[PDB]
Structures are given as structure tokens and as C-alpha cells.
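S.K.:
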Amino acid sequence: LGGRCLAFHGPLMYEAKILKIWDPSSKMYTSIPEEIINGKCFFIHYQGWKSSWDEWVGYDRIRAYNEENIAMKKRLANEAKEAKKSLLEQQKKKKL
DNA sequence: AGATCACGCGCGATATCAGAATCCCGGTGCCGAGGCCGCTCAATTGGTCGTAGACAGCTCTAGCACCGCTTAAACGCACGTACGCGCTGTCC
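All letters in the first sequence, in the order written, are residues 10 to 40, 67 to 131 by the authors' numbering.
(1) If you follow the alpha helix (DSSP H) that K120 is part of, which residue opens it and which one closes it?
(2) Across the segment 75 to 82 and the segment 27 to 36, are there enough close Cβ pairs to call them in contact, namely three or more that are closer than 8 angstroms?
(3) Using a 10 Å radius around the Cβ and a threshold of 16 neighbouring Cβ atoms, would you call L10 buried or exposed?
(4) Please report the Cβ distance between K26 and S40, rounded to the nearest whole angstrom; I am assuming they are in contact, meaning their Cβ atoms lie under 8 angstroms.
(5) Grouping DSSP H, G and I as helix and E and B as strand, with all else coil, what is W88?
(6) In the DSSP assignment, the alpha helix (DSSP H) including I71 goes from what residue to what residue?
(7) Report yes or no: do three or more beta-carbon pairs, one from the segment 14 to 21 and one from the segment 93 to 102, lie closer than 8 angstroms?
(8) Rounded to a whole number of angstroms, what is the C-alpha to C-alpha distance between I79 and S86?
(9) Which residues bound the beta strand (DSSP E) around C14?
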């Protein structure tokens with residue numbers, strides 16, 4: 010509770026802080068979409084964003100705040116920007 | 001080669017998907033304002049006396065006015081150069 014974590018949104022990562030941890034067994038959260072209500076999900080406030088973007092995320096969309104996940108986030112950002120540059124270059128080439 | 005139609009790209013406008021901040025509407029508790037009461041000090045009433053200001057007469061200084069010359073300064077004109085202003089790009 011309150012620890013730092015990395016969360017999925019699209020093909021990119023975003024640093025977030027856990028505000029609520031949901032325990033489906035006891036039906037309570039320590040301080067919900069049906070597809071994650073059954074399992075242990077977490078309410079997270081994303082670093083660098085407003086409270087309006089706070090959301091519940093399951094285990095699939097979350098990762099521990101470690102070196103490996105930070106590096107994987109950096110790789111995702113790098114491949115995303117590379118893809119955008121490639122798409123722009125392809126459009127430019129198609130234009131001539 | 002030129003004109004018309006269709007497709008693609010670029011730009012403008014509206015909408016919108018949102019989400020952000022502000023304004024608004026309602027309930028609530030408050031304390032700040034308006035009011036009444038009592039007391040007293042400052043304003044009003046009455047009177048005096050004296051000097052400050054109002055008024056008339058006179059004086060003469062200064063303001064106004066006028067004229068005429070002469071000549072410093074304003075007005076006018078022209079060339080041009082350098083400063084204002086617009087546009088553009090970069091960096092912070």
C-alpha cells in the first residue's frame with residue numbers, strides 16, 4: 010500500500026502509486068470492473084497525472100517497481116518512438 | 001493539349017471527447033451590524049465688546065495700446081541617409 014509500481018496502459022508503461030489494494034476473498038479494499072473484481076486488483080494514482088486518471092488495475096496490467104521493469108518501459112518507449120518515426124518516413128516516401 | 005471528373009493532400013471550422021476551473025445554488029452556523037438605553041459632554045441660547053472687515057475717496061503705478069523699424073526667427077523646400085518597422089530564425 011502506497012508503494013511505487015509500473016502499470017500497463019496500451020503498449021506503454023507509466024509510474025503509479027497504489028492507493029487501494031483490493032482483496033476479493035474478504036470483499037474489501039485497504040486504503067471495480069467485473070473482469071478484475073474476482074482477482075486481487077489495485078487502485079493506482081499515476082505519477083505525473085491528475086486524480087481523474089486513477090483506476091483499478093489487475094495483476095496483468097501491473098508490474099513491480101524494479102530495474103527490469105524500468106528497462107522494459109524504456110524499451111517500450113524507444114520502440115514506440117522508433118515506430119512513429121518509421122511511420123512518418125513511410126508517409127513521406129509515399130508522398131513523393 | 002485543354003477541360004472535366006475523381007482521388008489525395010492541406011487548411012479552416014465545428015464538434016466533440018474530455019476534463020478543468022469557475023460560477024452558481026442550497027443549507028448552515030456565525031459574528032458583525034443595526035438598534036435601544038442611559039449618561040454626559042459639547043452644542044445651543046442669550047448677551048457684550050471690540051476689532052475686523054466693508055465702504056467711500058483719492059493717488060498714481062502699471063497695464064494696455066499704438067506705431068514704426070530691423071532683423072532674428074519662423075516657414076518652406078529639397079536631398080538623402082539612417083532610423084523605424086516588418087519579417088524571420090534561433091535559443092532559452
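Cβ coordinates follow ideal geometry from the N, Cα and C atoms, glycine included.
M.R.: Here's the rundown:
(1) 102 to 130
(2) Output reads yes: the segment 27 to 36 touches the segment 75 to 82.
(3) exposed
(4) Going by Cβ atoms, the distance from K26 to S40 rounds to 12 angstroms, so no, they are not a contact pair.
(5) helix
(6) DSSP places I71 inside the alpha helix (DSSP H), whose first and last residues are 69 to 72.
(7) yes
(8) 10 angstroms
(9) 13 to 18
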